[PDB]
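Novice: Can you read through this structure? Questions will come right after.
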Amino acid sequence: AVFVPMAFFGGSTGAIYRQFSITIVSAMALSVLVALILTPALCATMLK
Amino acid sequence: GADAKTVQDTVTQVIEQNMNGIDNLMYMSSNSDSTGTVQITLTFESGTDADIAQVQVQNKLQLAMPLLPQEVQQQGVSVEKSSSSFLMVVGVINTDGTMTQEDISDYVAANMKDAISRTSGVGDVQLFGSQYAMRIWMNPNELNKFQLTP
Amino acid sequence: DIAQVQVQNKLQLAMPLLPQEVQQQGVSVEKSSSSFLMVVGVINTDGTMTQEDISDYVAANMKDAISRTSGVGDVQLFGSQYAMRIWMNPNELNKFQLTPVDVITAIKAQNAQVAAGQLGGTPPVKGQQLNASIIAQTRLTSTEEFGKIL
Amino acid sequence: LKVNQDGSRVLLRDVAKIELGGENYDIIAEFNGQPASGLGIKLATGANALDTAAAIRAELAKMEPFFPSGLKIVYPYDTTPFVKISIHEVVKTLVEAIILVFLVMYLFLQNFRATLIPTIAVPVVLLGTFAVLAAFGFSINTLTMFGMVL
Amino acid sequence: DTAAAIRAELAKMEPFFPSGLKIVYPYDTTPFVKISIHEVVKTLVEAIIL
Amino acid sequence: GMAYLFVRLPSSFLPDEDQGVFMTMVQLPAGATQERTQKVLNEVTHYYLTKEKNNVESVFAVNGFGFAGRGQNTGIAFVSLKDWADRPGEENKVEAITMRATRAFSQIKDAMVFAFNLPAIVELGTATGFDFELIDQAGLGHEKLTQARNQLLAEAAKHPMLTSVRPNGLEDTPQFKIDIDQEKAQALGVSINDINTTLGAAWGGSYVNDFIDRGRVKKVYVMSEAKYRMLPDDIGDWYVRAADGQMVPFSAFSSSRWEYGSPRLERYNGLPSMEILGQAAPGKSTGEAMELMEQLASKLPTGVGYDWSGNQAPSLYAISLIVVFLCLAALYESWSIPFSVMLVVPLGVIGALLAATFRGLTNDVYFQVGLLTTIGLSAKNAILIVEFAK
Amino acid sequence: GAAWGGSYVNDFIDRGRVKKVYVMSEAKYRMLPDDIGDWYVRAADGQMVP
Ligand SMILES: Cc1cc(N)c2ccccc2[n+]1CCCCCCCCCC[n+]1c(C)cc(N)c2ccccc21
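Residue numbers (the working numbering), protein chains in the order written: chain R, 12 to 59; chain E, -12 to 137; chain U, 138 to 287; chain Y, 90 to 239; chain C, 12 to 61; chain D, 359 to 748; chain B, 8 to 57.
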């Protein structure tokens, strides 16, 4: 809600601010899916 | 041979008039040097395909081509992908079997340079000297005493 | 984009199978659209000029920019750009004994720019202080000057 | 050139010197005050940078072999090892950030098993961003690599 | 967009002109666009109100 | 405060860094030679080899090739510093190398040599910097256009909240003009063809043909020994054949006299133009100096026009402010939670500013995103303080 | 061809921009078929020919 809107890059500040959001925006969804599939499952499996 | 005023309107201007009707383009520029060497730069919109963008300029250029001194036609006209920024600048020297700053520029440009420019998408290669050439230094007094011209 | 390329490139294999009158004239390959849209009229009111003076200034300030600007396939010109016009009188050619081949050759000699080298040449003698470019013949300027050709 | 009346053969040698030299003596290179030539590989608008220069195999790999006596290669102004360093200082950053997190995990979670889940969580997430940005056309840019880190 | 660009068209060709030289517009596509948008966006709003 | 910590903090694009590789170019006055410029390139090569051993791994000088263009006036040395481990200090590092190096060239010399961090960035976007250009829109020539550019460069420096403005490189050196009387020529009996390809072939060079050398086809060039074309008196040495099988000097049909032209005529967008590389004031920054340069060019003579974070963020961030509220109500419906989180924004950002306002950083690209990441953790922190508590 | 049709001889300079030089003849010496005879070409033996 604050990264992808600023991922609307412009001109020579293209990839620049883009890659910045996306790279880590991608990393948000991958961190969420992991925190919704793996990190959960593993935390059950073997935490204590 | 040409000077900064000659090239400025026999090669320079002839191209600039015949350099239109192209897709995506903010501006053009030019440098009409006194050494007899002109180089124009067209700059396109960001994210535009450089593959096609070359074509368009280098094809409508070759409508002006025969409106151009025959000295310049048989010389090197070129259209390339610009990048004011080198990266690998490979020096090439001699140590044992000594040779000059001229012998090396030739062998460089007669074994290596031809391959590089082509190899792995190199926009254009720079040469730090010159390739060899059968040079002739006409003496004017010795031309006169036999009755002759260049 | 590509479809132009293909026609305009294999065209330029036939290019030297073509009258040299036509080669030095305008060959062109463009994007067609039998249909204008903006047809900007350009007139005079106060400082009066003719239907010829305007067609020149139009085509010497505006037209060159338009065709290039914002993907304009090709521009149309409603008149003509100026040109040093010469109206050969045949009776006045006869009474001095002459042809139109002699007028043409007189312009292809006196009306031209030439590549003259430079003092302090590219390979000089070690320790020269000066280096400046030579000027030679020049492309003519006005009516007056085209009247004084020998 | 000529044969003067008395069958004296005028040669090109007599009227002019003839030496095998450069085609252009405008520029000259001195690697550390020692004579030499070389190459200045300029990039292409859109080329792959560390790929053009990393290719090779080549560069000039089969131009570092049949060289005659004394001819050697040497590298000034080179982009390459800056790439080699920025990768290495970010992949160092990466691992330091894991280890340092693995301590904070232990300091709160005395459970060893527990300082293990988050340690073994983000290793996967990182790789995903390589798999996602490769699929979107992005690279291991200076940017996308601090994006792993940030 | 071609004709709407500009800024340009000929914007910096309506300025240094000498004495008497003026621009004038016959055969022009532009305002037909301006009208068809305006009569459909009018249609739109009428269809809501109604 | 938060605001004042930000509005006052200057804005750059991307930080210039030591690259283990820099360079420095040369430029001599009106029409210097290859032998005069080579003397300077030696002095530059030396400061690097003797007064900077612990630093310079290798130079690679080049006489006659500027980045303005080329010619016997110009030059350039390509440096290659010794790796960063053996080269530890801040003085060792390139910011300091191109500082006392530039100091030396503006001290023990009589021309112009500089030095610069290779702008890692791209060529463009120095920030607090410019690229103006002065077009001739009317029938004026190179001579009248030049004078208007002198009046632009003058008025900016005559009344600069300043500016630092200079030309690009049209020095404006003289040229040895040779008028050929055309009536005289044919009276003595010479074709103007034969006269021109004498002067062009002798002083300038001429691409005659191609020959073969060790496999590869190269070229044949014709010109003349240096000593018969170094000065204007050597013009007379060349005798052209005349129709009536007998020689004729240059001096006969010639007319020797010097002139004032320029050795490089730039042309921006189909018309003549001379470009002006100024920068923003030491106080101001771009948008100010830019619109405070357009008003000086508008106070120039007739037939003389012109043509040249980012405003980016203002809009970009706007949509940051709109999607927060959506997502702050896609899982948190009320109009209570979507104003909670809303405060943690400058809770943290005040410190982000403060850490970089204190140290030597600026508002560059990495900072701009170091903000939004700091806001995503502010979301985190707070959103849990809410989600759990609700 | 040079008299009745026109001929692209060279290029000259006019107020900055390079334009072209054209050679032809006054209108009244090439309006009808009788005006063909007016043109006298030089012959090898330095004398005119209709
Ligand atoms: C002239 C020209 C002519 C064409 N007829 C043409 C046709 C299609 C695409 C480009 C074309 N171009 C120019 C195109 C060279 C394209 C190099 C592209 C990207 C490579 C991989 C990205 N990629 C992604 C993410 C997802 C896909 N499902 C995928 C499917 C097939 C291929 C690629 C894909």
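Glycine is no exception: its CB is placed at the ideal position from the N, C-alpha and C atoms.
Along the alpha helix (DSSP H) that carries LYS738 (chain D), what are the first and last residues, could you check?
Specialist: Taking the first residue of the sixth sequence as position 1, residue 738 (chain D) is located at position 380. It spans 723 to 745 - the alpha helix (DSSP H) in which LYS738 (chain D) sits, taken as one unbroken run.
Novice: Just how far apart, CA to CA, sit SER582 (chain D) and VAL76 (chain E)?
Specialist: In the sixth sequence, counting from the first residue as 1, residue 582 (chain D) sits at position 224. In the second sequence, counting from the first residue as 1, residue 76 (chain E) sits at position 89. When rounded, the distance between both Cα atoms is 34 Å.
Novice: Just verifying my parser: in three-state terms, what is the DSSP assignment at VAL13 (chain R)?
Specialist: Along the first sequence, read from residue 1 onward, the residue named residue 13 (chain R) stands at position 2. Here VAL13 (chain R) sits in coil by DSSP.
Novice: Is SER165 (chain U) buried or exposed, if buried means 16 or more other CB atoms sit within 10 Å of its CB?
Specialist: Numbered from 1 along the third sequence, position 28 holds the residue referred to as residue 165 (chain U). So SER165 (chain U) counts as exposed.
Novice: Excluding the five sequence neighbours on either side, which residues of its own chain have a C-beta within less than 8 Å of the C-beta of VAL744 (chain D), listed in chain order?
Specialist: What you label residue 744 (chain D) is simply residue 386 of the sixth sequence in a count that begins at 1. Same-chain partners within the cutoff: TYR690, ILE695, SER698 and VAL699.
Novice: In chain E, what lies closer than 8 Å to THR555 (chain D) by C-beta?
Specialist: For the purposes of this step, residue 555 (chain D) is identified with residue 197 of the sixth sequence, where counting begins at 1. In chain order: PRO137.
Novice: Can you name the residues of chain D whose CB is closer than 7 Å to the CB of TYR195 (chain Y)?
Specialist: Translated into positions along the fourth sequence, residue 195 (chain Y) becomes position 106. Ordered by position in chain D, no residue passes the 7 Å Cβ test against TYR195 (chain Y), which lies about 22 Å from the chain.
Novice: Can you give me the Cβ contacts of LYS577 (chain D) inside the same chain, cut-off strictly under 7 Å, excluding the 5 residues immediately before and after it?
Specialist: Your numbering for residue 577 (chain D) matches position 219 in the sixth sequence. Hits under 7 Å: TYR565 and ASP568.
Novice: Output needed in chain order: residues of the stretch 539 to 568 of chain D with a Cβ under 8 Å from some Cβ in chain E.
Specialist: Flagged, chain order: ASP552, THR555, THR556, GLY558, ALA559, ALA560, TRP561, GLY562, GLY563, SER564 and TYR565.
Novice: Looking at the C-beta of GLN495 (chain D), does it have a partner C-beta in chain C at a distance below 9 Å?
Specialist: In the sixth sequence, residue 495 (chain D) corresponds to position 137, counting from 1. True, the Cβ-Cβ gap to chain C drops below 9 Å.
Novice: Give me the Cα-Cα distance between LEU109 (chain Y) and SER92 (chain E), rounded to the nearest whole angstrom.
Specialist: Along the fourth sequence, one-based indexing puts residue 109 (chain Y) at 20. Along the second sequence, one-based indexing puts residue 92 (chain E) at 105. Rounded to the nearest angstrom, the two C-alpha atoms are 13 Å apart.
Novice: So is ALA224 (chain Y) buried or exposed if we call it buried at 16+ other beta carbons inside 10 Å?
Specialist: As a first step, residue 224 (chain Y) must be located in the fourth sequence, where it is residue number 135. Result: exposed.
Novice: Measure from the alpha carbon of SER678 (chain D) to the alpha carbon of each residue in R:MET39, R:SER32, R:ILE27 and R:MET57, then state which is nearest.
Specialist: The count along the sixth sequence starts at 1 and reaches residue 678 (chain D) at position 320. Of the listed residues, the one whose Cα sits closest to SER678 (chain D) is R:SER32.
Novice: Nearest to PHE371 (chain D) by CA position, among D:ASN721, D:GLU491, D:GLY378 and D:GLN392, is which residue?
Specialist: Locating residue 371 (chain D) in the sixth sequence gives position 13, counting from the first residue. Checked all of D:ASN721, D:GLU491, D:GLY378 and D:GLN392; the closest Cα to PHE371 (chain D) is D:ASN721.
Novice: What are the residues that DSSP puts in a beta bridge with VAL606 (chain D)?
Specialist: Position 248 of the sixth sequence, counted from the first residue, corresponds to residue 606 (chain D). Partner(s): D:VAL598.
Novice: Let me confirm a value: residue 3 (chain B) is counted as buried when at least 16 other C-beta atoms fall within 10 Å, else exposed. Which label applies?
Specialist: The requested residue 3 (chain B) is not part of the displayed model; chain B covers only 8 to 57.
Novice: Would you grab the beta carbon distance between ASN11 (chain E) and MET152 (chain Y) for me? Rounded to a whole angstrom, and I think it's under 8 Å.
Specialist: Here residue 11 (chain E) corresponds to residue number 24 of the second sequence, with the count starting at 1. Here residue 152 (chain Y) corresponds to residue number 63 of the fourth sequence, with the count starting at 1. Not a contact, Cβ separation roughly 38 Å.
Novice: Alpha carbon to alpha carbon, how far is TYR166 (chain Y) from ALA426 (chain D)?
Specialist: Against the fourth sequence, residue 166 (chain Y) aligns to sequence position 77. Against the sixth sequence, residue 426 (chain D) aligns to sequence position 68. Using only the alpha carbons, I get a separation of about 19 Å.
Novice: Just grab the DSSP bridge partners of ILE130 (chain Y) for me.
Specialist: Along the fourth sequence, read from residue 1 onward, the residue named residue 130 (chain Y) stands at position 41. Answer by DSSP bridge pairing, in chain order: E:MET75.
Novice: Please report how far the alpha carbon of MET457 (chain D) lies from the alpha carbon of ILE271 (chain U), in whole angstroms.
Specialist: In the sixth sequence, residue 457 (chain D) corresponds to position 99, counting from 1. In the third sequence, residue 271 (chain U) corresponds to position 134, counting from 1. Their backbone Cα atoms lie some 40 Å apart in a straight line.
Novice: Ordered along the chain, which non-local residues of its own chain (more than five positions away) have a Cβ less than 8 Å from that of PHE423 (chain D)?
Specialist: Locating residue 423 (chain D) in the sixth sequence gives position 65, counting from the first residue. Non-local beta-carbon contacts of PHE423 (chain D) in its own chain, meaning distances under 8 Å to residues more than five positions away in sequence, involve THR432, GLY433 and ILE434 in chain order.
Novice: Do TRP596 (chain D) and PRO607 (chain D) have their CB atoms nearer than 9 Å?
Specialist: Position 238 of the sixth sequence, counted from the start, is the residue given in the question as residue 596 (chain D). Position 249 of the sixth sequence, counted from the start, is the residue given in the question as residue 607 (chain D). It is a contact, given that the beta carbons lie within the stated cut-off.
Novice: If you measure between the beta carbons of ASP489 (chain D) and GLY663 (chain D), is that distance less than 9 Å?
Specialist: Your numbering for residue 489 (chain D) matches position 131 in the sixth sequence. Your numbering for residue 663 (chain D) matches position 305 in the sixth sequence. Not a contact, by the Cβ cut-off of 9 Å.
Novice: Using a threshold of 8 Å, is the CB atom of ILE33 (chain R) nearer than that to any non-hydrogen atom of ligand 1?
Specialist: Taking the first sequence and counting its residues from 1, one reaches residue 33 (chain R) at position 22. No, ligand 1 has no heavy atom inside 8 Å of this Cβ.
Novice: At a Cβ threshold of 9 Å, is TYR114 (chain Y) touching chain U?
Specialist: Taking the first residue of the fourth sequence as 1, we reach residue 114 (chain Y) at position 25. It does: the Cβ of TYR114 (chain Y) has a partner Cβ on chain U nearer than 9 Å.
Novice: What does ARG24 (chain B) touch in chain E if you count any residue whose Cβ is under 8 Å from its own?
Specialist: As a position in the seventh sequence, residue 24 (chain B) is number 17, starting the count at 1. Going along chain E in sequence order, the residues near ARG24 (chain B) (Cβ under 8 Å) are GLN0 and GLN4.
Novice: According to DSSP, simplified to helix, strand and coil, what is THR28 (chain E)?
Specialist: Within the second sequence, numbered from 1, the residue matching residue 28 (chain E) stands at position 41. Correct three-state label for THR28 (chain E): strand.
Novice: My understanding is that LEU363 (chain D) touches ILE708 (chain D), with C-beta atoms under 8 Å, so please give their C-beta distance in whole angstroms.
Specialist: Here residue 363 (chain D) refers to the residue found at position 5 when the sixth sequence is read from its first residue. Here residue 708 (chain D) refers to the residue found at position 350 when the sixth sequence is read from its first residue. Rounded, the Cβ-Cβ distance is 7 Å, consistent with contact.
Novice: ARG276 (chain U) lies in the alpha helix (DSSP H); which residues open and close that run?
Specialist: Taking the third sequence and counting its residues from 1, the one referred to as residue 276 (chain U) is at position 139. Premise fails: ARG276 (chain U) is in no alpha helix (DSSP H) and is neither H nor E.
Novice: Put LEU41 (chain R) into one of helix, strand or coil per three-state DSSP.
Specialist: Taking the first residue of the first sequence as 1, we reach residue 41 (chain R) at position 30. Here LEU41 (chain R) carries a helix assignment [DSSP, helix/strand/coil].
Novice: To the nearest angstrom, report how far apart residue 754 (chain D) and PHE28 (chain C) are at their CA atoms.
Specialist: Limits of chain D in this structure are 359 at one end and 748 at the other, which puts residue 754 (chain D) out of reach.
Novice: Please list, in chain order, the residues of the stretch 25 to 58 of chain C that have any C-beta partner in chain D closer than 9 Å.
Specialist: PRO26, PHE27 and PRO29
Novice: Check whether the Cβ of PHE225 (chain Y) sits closer than 8 Å to any heavy atom of ligand 1, and report yes or no.
Specialist: For the purposes of this step, residue 225 (chain Y) is taken as the residue at position 136 of the fourth sequence. Yes - ligand 1 has a heavy atom lying nearer than 8 Å to the Cβ of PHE225 (chain Y).
Novice: Can you list, in chain order, the residues of the stretch 116 to 128 of chain Y whose Cβ is nearer than 9 Å to any Cβ on chain D?
Specialist: Cβ contacts with chain D come from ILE116, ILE117, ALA118, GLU119, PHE120, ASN121, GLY122, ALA125 and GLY127.
Novice: I'd like to check one pair, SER37 (chain R) with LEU222 (chain Y): are the Cβ atoms closer than 9 Å?
Specialist: To locate residue 222 (chain Y), count along the fourth sequence from 1; it is residue 133. To locate residue 37 (chain R), count along the first sequence from 1; it is residue 26. The answer is yes: Cβ separation under 9 Å.
Novice: Quick check: is the beta carbon of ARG205 (chain U) nearer than 9 Å to any beta carbon in chain D?
Specialist: Numbered from 1 along the third sequence, position 68 holds the residue referred to as residue 205 (chain U). Yes, contact with chain D.
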